[PDB]
Amino acid sequence: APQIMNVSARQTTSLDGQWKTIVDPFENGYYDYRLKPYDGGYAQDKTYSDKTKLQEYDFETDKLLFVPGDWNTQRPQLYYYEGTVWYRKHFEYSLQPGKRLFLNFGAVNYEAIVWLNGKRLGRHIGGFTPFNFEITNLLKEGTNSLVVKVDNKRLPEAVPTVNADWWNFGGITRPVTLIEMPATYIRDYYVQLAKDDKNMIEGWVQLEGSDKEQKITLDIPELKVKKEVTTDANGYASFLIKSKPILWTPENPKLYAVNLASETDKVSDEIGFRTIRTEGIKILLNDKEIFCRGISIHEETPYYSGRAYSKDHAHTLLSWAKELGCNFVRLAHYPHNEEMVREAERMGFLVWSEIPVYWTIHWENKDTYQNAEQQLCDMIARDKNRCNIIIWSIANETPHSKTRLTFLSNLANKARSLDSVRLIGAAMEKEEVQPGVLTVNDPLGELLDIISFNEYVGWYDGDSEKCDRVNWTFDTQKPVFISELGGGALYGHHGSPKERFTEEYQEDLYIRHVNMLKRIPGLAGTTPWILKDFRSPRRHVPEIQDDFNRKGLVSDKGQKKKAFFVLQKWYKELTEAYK
Amino acid sequence: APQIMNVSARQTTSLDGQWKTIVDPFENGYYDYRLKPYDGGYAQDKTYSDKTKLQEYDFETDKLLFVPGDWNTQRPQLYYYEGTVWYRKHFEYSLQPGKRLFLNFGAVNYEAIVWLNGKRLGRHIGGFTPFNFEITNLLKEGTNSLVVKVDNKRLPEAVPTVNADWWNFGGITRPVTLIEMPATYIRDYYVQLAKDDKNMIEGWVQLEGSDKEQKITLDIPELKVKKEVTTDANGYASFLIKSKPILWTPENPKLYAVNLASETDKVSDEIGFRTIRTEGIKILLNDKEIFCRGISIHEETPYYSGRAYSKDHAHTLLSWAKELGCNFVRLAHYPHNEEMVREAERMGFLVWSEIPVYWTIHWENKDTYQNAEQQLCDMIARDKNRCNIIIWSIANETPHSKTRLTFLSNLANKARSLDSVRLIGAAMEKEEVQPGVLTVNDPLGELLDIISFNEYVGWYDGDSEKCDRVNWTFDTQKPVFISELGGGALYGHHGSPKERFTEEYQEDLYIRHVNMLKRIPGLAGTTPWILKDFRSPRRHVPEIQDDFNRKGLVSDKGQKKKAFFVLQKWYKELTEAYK
Amino acid sequence: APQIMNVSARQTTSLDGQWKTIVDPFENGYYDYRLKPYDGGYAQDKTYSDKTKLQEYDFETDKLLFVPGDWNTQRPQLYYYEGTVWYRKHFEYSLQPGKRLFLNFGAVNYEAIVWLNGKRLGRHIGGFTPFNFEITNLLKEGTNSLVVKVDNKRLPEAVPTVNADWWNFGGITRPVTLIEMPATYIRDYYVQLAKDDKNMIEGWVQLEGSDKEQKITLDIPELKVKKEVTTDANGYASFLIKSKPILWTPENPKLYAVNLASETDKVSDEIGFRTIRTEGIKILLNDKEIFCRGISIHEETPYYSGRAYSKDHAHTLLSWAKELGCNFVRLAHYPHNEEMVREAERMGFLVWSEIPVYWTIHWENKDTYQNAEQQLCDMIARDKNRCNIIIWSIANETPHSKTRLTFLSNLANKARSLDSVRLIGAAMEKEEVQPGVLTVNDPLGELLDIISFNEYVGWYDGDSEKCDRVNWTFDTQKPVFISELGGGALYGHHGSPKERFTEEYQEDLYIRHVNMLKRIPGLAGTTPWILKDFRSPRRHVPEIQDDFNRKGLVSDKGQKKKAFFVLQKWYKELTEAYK
Ligand SMILES: O=C(O)[C@H]1O[C@@H](Sc2ccccc2)[C@H](O)[C@@H](O)[C@@H]1O
Ligand SMILES: O=C(O)[C@H]1O[C@@H](Sc2ccccc2)[C@H](O)[C@@H](O)[C@@H]1O
Ligand SMILES: O=C(O)[C@H]1O[C@@H](Sc2ccccc2)[C@H](O)[C@@H](O)[C@@H]1O
Ligand SMILES: [Cl-]
Ligand SMILES: [Cl-]
Ligand SMILES: [Cl-]
């Protein structure tokens, strides 16, 4: 039930493919007509072969869905579906006694309830973070039954809440994986550079199980590093190691093979090393001033616009970012699958990672807060060894209020106590200093290392020309990072640059908007909205949006719009400028 | 806004056909990202003709839906849809000044918000009762814009609530009508026999408008009747008319042409006359003891299984009930469309009419009660001149509790305060006196004219054999009425009479269940469940249910299953024994 | 109307995006009720703006389809659809006086008929080869109307004919492009090594237009080559160039920038250089013995399984082939899009390219032969400069008749007269020498450089064990190339190695099939069937096939089956052996 670091390097067996499914809008499979739980609900996975008895379902003769994936793009009937779908899987597994077996979900949106062989394993909320169950003692010989009740109903108190600008993709959206472990295993570990110290590798390791005190060995063959330690009685041990590793950067994404070994377990990883700091309005990677030439990206696939989960999906999206000239990607509005981060790390993209605290969250709900902080904790726990990640962001656009402020401040501080290296960000509130002159105004900026905010001058705030008459001033000399900007266009739809939603309008906007960005003092990062057209239920212009937010520089069908090349040209100037 | 009696008889213009529509699952057209209402939402019906300005919708180029109709059967994507769909109609209408104009919706499930020319007319909850707006002063020349925002999300506090065994059919489910009235018009009237008096016609008439005191004439020509009264300062007048009409019966459903005429309006009707009362365990219609040879019916069409609304739909269903031997039909679980009631009155079926107070209603919620009572009032107000209805039911199966009893007693009193003639029913709690012997035990019965209850012996309570070892007894000596019973079968699926869901099992069930009914002391009525298979989201056996409740005696495709003829044979004998 | 070389390098304007469409199954848009052509059919693209007159259509208010792409996966209703769909596009283009403008279709399946502003430009048959029209003198000012009548009806006499094992993907399956040319332009050109000579570049260039005698330069800067020549009265010139270019291989796919300029035009290109020949049972690339570690690939996308067309599609597919350990890809069963071939060229994959001459072609129909030979000519003319293509194939599996022999012989002779460098292959008739001993017996073999054939021992011919019971011998000392082999499995479906369609069966099948391949004297190449599960209308096992051929080593969802790694291991050993 605790997070497992680097699942892909473990002893894994996939459960993916196609599973039997039951769409259950009124949750008949969970509650009876009194609205109470009942034995004999669908969790029992009872093949309906004796027809002298009465039951109301039969996984064995029902329809399939693919796992992993959203359900919305797999059947017309499921496009808008919000509610419960039951997934069932049968599998066999041979586990020698003493060995341990875990069931890992990369992600399930939004609530998952899980049973093995008719016995409840647990419950998860939050649709974008992994979770594990140990099934060591519940495995049976022969056929095992795995049942997952998945529900994506919008909940006022959820994270996110009843309103948002992206599709409500339900289902088992990321791979489902079995993991075999020795009785005491390497559960967690941290291997990064010490804060601001390019000559000190530091980290720790965490065993799990009963034989908690063991000789650990950390190997980095290419750095001639062989460090030994012994975990204390809590299965914990820390270390410092002197080394001068080649530093990861976007232009040389240097990664090192790291091998961890205990007396009873072992695991390998790819880990690069860098430092990241603020100095006034400057952002410093390995002590050099950099500009973050970024782009924002939803976890949505090329061509057919389902939930992304694979390396193929990551590679195609990033290869567009590459052509766009980015050295940075913002992954909105939630933690993406581990393959996106790994592929960004491999190709040399810095990363902004993020939780879906977004619009009208319930700031007074003690449960809502626990939810969001759990997501924050899990986002950082999974990716803490990914050096291309330099910004953690604890909030998107939010209405201002004292409850909001106290909520986000708790997240910001918690982020800082988990990762004293990377930069903490959040979407800050904007204020008019005097006409034609804008600034930021958020008392949460004291817990942030950057001045991050969204603005849509020229699309939602005025026509394009208004980018020509807006300017920005700041009362603090922290690096300024604009996390969203842009506007919509349908690829192939042409006309006057005054005609909104044409490629021509969007091109004119990006020209003028870039000129406005060139005037902003302290500007050190931008990630326009967005790389690719994506699904939203808030976009209803027929033949133009068709349930798609059209602010992509690339169409959902991979076609580069005219505005793609405006941003591309600017990023070329910027690359030479900071070279 | 007040109800209008006998809408079909007024000066009517149909707004039916195909309307433009927008599916809006997050309610973008009503709320903004702050979750606040905003001017400029879709109610403004603003055609998106000037693309220099930004807008997120356009009715003019969007998709159509049939009106009337559920949306669920019209598009695969809407099959499961729960949430907001916007409808938009354009129309012209010439109103001679002084004349008034009303907008009548037969039904909209579940919440309707209505606008004319960008102005809100009001809001309605309750998906099976009609409602009106006066649009006399809002009509413009040329094109008028009617926008209706329909939402069918299940609400915990709603009536019905978040669980129920029928499809959540959203949309504008019954015809939409323009009614023109004189400045002062006959709004409402009542013309029926006096309680247990086959020689006294009583009634009243109610005007609406300024000319409140008028001479009123009531003409029943075939009876050689003409009473001429005059209305008070409220527009109200009552009357008593000694007459010896031919009384309506199922075998001879006599109806009279009735003509009302004030100084400034007239309106005709077809009304019949009959007496109805209980005498001990007997039900007496026109002083003669009858048995209600009945069958239950959902408001759902033959063959394609959409929401029924037309005279054609009613006729097909009723001619199945005719062939079954019925003299009675129970319309579940809500007020059906008027066409259905009228068709039943004309062919000769007594009717049971009811409201969707069903399972876990929020008994302690005062708005919930107000909703249910409003639905009660609207039900009785519309049909009070329909002589063929003899039972109003205020409740279906509900849990046992004090709040439920208080709630249901208030409805039962209200029903009685609204109609002194018809019988009041409700699904009562049952109890097992001794093994094999059951009874009713429910203090609500004290407020009811019958012992009415649902029982599914042989389907939910045991296999078919258990019907042979269950018997009933009753303390109170009222007529006993079983409003639901039966079990499921797929037409064309055959096997052993032991195999559930074959035709042979359902036949065996009905044969044993009928012998059980024949041992029930005081049995006066049976409306078995059900006439035609119907859509339910709680029926998930593949290839057998497929989201259909299969307890019809007739398939959803009009095929008579074997059990149909069992019940038909008993109903033939009941016709003999009660002649 | 003639072919144009290197379309992507010219001055191009995409017409892609979404077009208006009319599904027209009875070709009402083209015939009247007399089955005769008629004026005012849909080719006239006449907006229905005057409802005083009668017409049966209106593109302006009809539905969209994405272009490029198959229609089948864009709507449920079009999945199986065979027939006509009208595509309509409006566009503007500013063509300076004297310049020429061409409409280029990458491909349309099967029959395309094309109109600009109501005038027929012409017709094309054959679904996988590009075609052009000149619209220089038809372009009008302002709004131009492009109408394409697309029909994919299966025709007995067509190429392919009424039966084949892949989906009938209809539509404008590949990009549509406007190409602007000077009044006299470089239409075609050839630049490659001379046969077997590592030290000699040969080639030619062809002009189109009235200024036919011009000075042409060919520059290859990295080779310090600058050749000037002058064209003759036919616009033709040939050349020879002593040079020692770095030779292209899969391991080092070196490409040279090549620049061509005449007096009025210029075009650049990327072209590699290699020699290829057979020597006995040996295939020699740049005089080195190679094994073709191949995989077959249909032109179908990962994940959603539409018609592939983009570099994104090719890269993902080819990336799987790279992980498999391939140095070679067979593109079946027709010419793929040019993106696929360029990406194989750039990444390092030798290529097999072929035409859809397949199963029961009408060998005696002269129009059928002309069609097949046109497809051959278009295939070779487009890719003659792609050094990575080393094999052209003029036929897949065919029946064993004299007319077939004549038909294919003429194809094989035409291919050789078009290209004397590349190898010519075709799937050859097999025969049983004696029990357990197969061979090839096909007189066509005289005209082919390799002994190429398909065999599915262990899937269609026996169980997996029969691979152990089969051996091969050949009378002729030519390299043996098996173009297809394998069997089906559903990813995630697990069982005994004896149960067909499990991953275990396919894995066992591949172990014993590879061992059979190890015993084949002369084996110089294999391209197993197939890389990725693909759609097929002859694959009907529910839950297993569901209209997919399951013989992929990769699921249609990117998942590597167990058998993938069997082939991967053998290719790893073949790599070391042929080092
Ligand atoms: O509408 C959009 O395109 C985007 O709006 C922003 S919110 C915002 C709007 C105006 C100014 C400042 C912030 C969301 O972050 C994004 O998910 C959504 O897609
Ligand atoms: O499940 C059914 O077939 C029906 O069950 C009854 S409730 C009940 C169940 C068992 C015993 C007593 C009452 C509902 O009135 C009905 O709408 C539904 O269709
Ligand atoms: O059935 C298959 O999987 C494949 O069959 C071959 S034909 C063949 C079958 C048996 C022996 C020799 C040749 C086709 O080339 C291919 O398109 C198709 O998919
Ligand atoms: Cl947009
Ligand atoms: Cl049922
Ligand atoms: Cl297959």
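Residues numbered from 1 in each chain as written, not as in the entry; some residues may be left out. Chains lettered and ligands numbered in written order. Part of a larger assembly, values for the part shown. Heavy atoms only, no water.

As documented in the archive entry, the model was determined using X-ray crystallography at 2.400 Å resolution.

Student: How should the site of ligand 2 be read in this particular structure?
Tutor: Residue and element names in this part refer to chain B. In the vicinity of ligand 2, 14 residues are found, and the nearest of them are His333, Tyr358, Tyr460, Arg539 and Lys551. One of the side-chain N or O atoms of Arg539 is found 2.6 Å from an oxygen atom in ligand 2. Across the complex, the protein chains shield 91% of the 450 Å² of accessible surface that ligand 2 would expose by itself. For the shell around ligand 2, the per-class residue count stands at 6 nonpolar, 3 polar and 5 charged. (Near = heavy atom within 4 Å. Polar contact = N/O pair within 3.5 Å; in protein donor to acceptor, adjacent residues only side chain to side chain. Areas by Shrake-Rupley, 256 points an atom, 1.4 Å probe, with all protein chains shown as cover. Nonpolar A, V, L, I, M, F, W, Y, C, P; charged D, E, K, R; others polar.)

Student: When you look at the site of ligand 3 in this model, what are you seeing that I'm missing?
Tutor: Residues and elements named next belong to chain C. Near ligand 3 you find 15 residues, and of these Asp165, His333, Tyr358, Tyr460 and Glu484 are the closest. One nitrogen or oxygen atom from the side chain of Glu484 is found 2.7 Å from an oxygen atom belonging to ligand 3. Between ligand 3 and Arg539, the relevant distance is 3.0 Å, taken from an oxygen atom to a side-chain nitrogen or oxygen of the residue. In isolation ligand 3 offers 450 Å² of accessible surface; the protein chains occlude 87% of this area. Partitioned by chemical class, the residues of the shell around ligand 3 number 6 nonpolar, 3 polar and 6 charged.

Student: What is the right way to read the sheet that holds strand β20 (residues 288-290) of chain A from this model?
Tutor: Strand pairing in a sheet is mediated by backbone hydrogen bonds. Such pairs are either parallel or antiparallel. Residues and elements named next belong to chain A. The strand order across the open sheet built from 3 strands is β18-β19-β20, with neighbouring strands paired in antiparallel fashion. On the outer flanks of this sheet lie β18 (276-279) and β20, each paired with one strand and no other. Strand-to-strand twist across the sheet, computed as the mean angle between neighbouring axes with direction ignored, equals 45°. (Pairing = 2+ DSSP bridges. Helix = DSSP H or I, 4+ residues; strand = E, 2+ residues; numbered from the N terminus. Axes fitted to C-alpha atoms, helices over the stretch in contact; angles between N-to-C directions.)

Student: I'm lost on the interface of chain A and chain B in this one. Help?
Tutor: It is common to give the size of an interface as the accessible area that goes away when the parts come together. The interface of chain A with chain B comprises 52 residues on the first partner and 52 residues on the second. With both chains or domains summed, chain A and chain B bury close to 4600 Å², and 62% of this area falls on carbon and sulfur atoms. When the buried surface of chain A facing chain B is broken down by residue, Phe26, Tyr80 and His540 of chain A rank first, second and third, together holding 17% of it. Taken together, chain A and chain B are joined by 2 salt bridges. Counting across the interface, chain A meets chain B through 20 residue pairs in polar contact. (Contact = heavy atoms within 4.5 Å. Buried area = accessible area lost by both parts, 1.4 Å probe. Salt bridge = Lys/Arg side-chain N within 4 Å of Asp/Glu carboxyl O.)

Student: Would you explain the pattern of salt bridges in this entry?
Tutor: Between side chains of opposite charge, a pair can form as their charged atoms come close. With the rule as written, the count across this model stands at 150 salt bridges over all chains. Two residues, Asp533 of chain A and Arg550 of chain A, come together in a salt bridge whose shortest N-O distance is 3.0 Å. With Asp533 of chain A in the loop between β32 (523-526) and β33 (534-535) and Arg550 of chain A in the loop between β34 (548-549) and α6 (562-577), this residue pair connects regions lying 17 residues apart in the sequence. Assessed through its relative accessible area of 0%, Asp533 of chain A is described here as buried. Judged by its relative accessible area of 3%, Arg550 of chain A is buried. A salt bridge links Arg277 of chain B to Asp287 of chain B, with the shortest nitrogen-to-oxygen separation between them at 2.5 Å. With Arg277 of chain B in strand β18 (residues 276-279) and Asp287 of chain B in the loop between β19 (282-285) and β20 (288-290), this residue pair connects regions lying 10 residues apart in the sequence. Here the salt bridges do not stand alone but share partners, grouping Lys195, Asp196, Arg277, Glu279 and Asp287 of chain A into one network. (Buried < 20%, exposed > 50% of the residue type's maximum accessible area, 1.4 Å probe, protein only.)

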